[PDB]
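Down below is the structure, laid out as C-alpha cells.
Virtual Cβ from ideal backbone geometry, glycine too; neighbours counted across all protein chains shown. Please treat every number below as a calculation from the coordinates, not as lab data.
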Amino acid sequence: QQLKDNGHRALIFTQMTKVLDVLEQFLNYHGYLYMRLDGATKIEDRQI
DNA sequence: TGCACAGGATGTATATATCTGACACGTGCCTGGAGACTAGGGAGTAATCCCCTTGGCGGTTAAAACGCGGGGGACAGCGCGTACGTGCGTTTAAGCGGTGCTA
C-alpha cells in the first residue's frame, strides 16, 4: 500500500510455488495489477 | 332252423426253477518295521559387503488425456435358392460265438 502511494514497482521473490499461488489469490483479492513468471511459465510467455 | 353247452384244443401270464458274475474268506511270500552302525548334509552360527530407498522438491520434457468431425463398419432386414434334414427301400459287413494254431 505504501509503495503504491509512492508509485513504486515492487518485486516479490519466494522459494515456494504454493505461496506463489497464495499470492495470486491475495493480489486478486486486492486487485493489484500483477504478472507472474515462474518455473512453469511458458518460455515465450516468459519473454513477453 | 338256429341256439345252448357238452366235450374237447391249443396256448400263456403266472409261477417255479436253472444257468452265469461278483464278493469274502483261505493260503502263503516277498516282503515292512524294527535294531543297531554309520557320516556327512542340514542346520545353527557370523560376518561382510553391496545394493536398495532417503523424501519432497522445481524445472523441465514425453506421453496421456481429453475434445472434436465424420465417414465408413457394424448390423438389422430380407429375397431367394439351394444343400442338409427327415423318411423311406434296400445292402453290407459289423457283431456274435465257434475251431484251429502260434509266436
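Under conditions of 37 °C and 0.692 mPa s, chain A yields 269 µm² s⁻¹ as its translational diffusion coefficient, taking Rh as the Kirkwood radius over Cα pairs in the Stokes-Einstein equation. The label point for A:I43 and the one for A:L23, both projected 7 Å from the Cα toward the Cβ, are 2.4 nm apart. In this structure, A:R36 and A:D5 have a Cβ-Cβ separation that, at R0 = 25 Å, corresponds to a calculated FRET efficiency of about 0.60.
Helix A:17-30 against the longest principal axis of chain A: what's the angle in degrees, Cα atoms only, rounded to the nearest 10? It works out to around 40 degrees.
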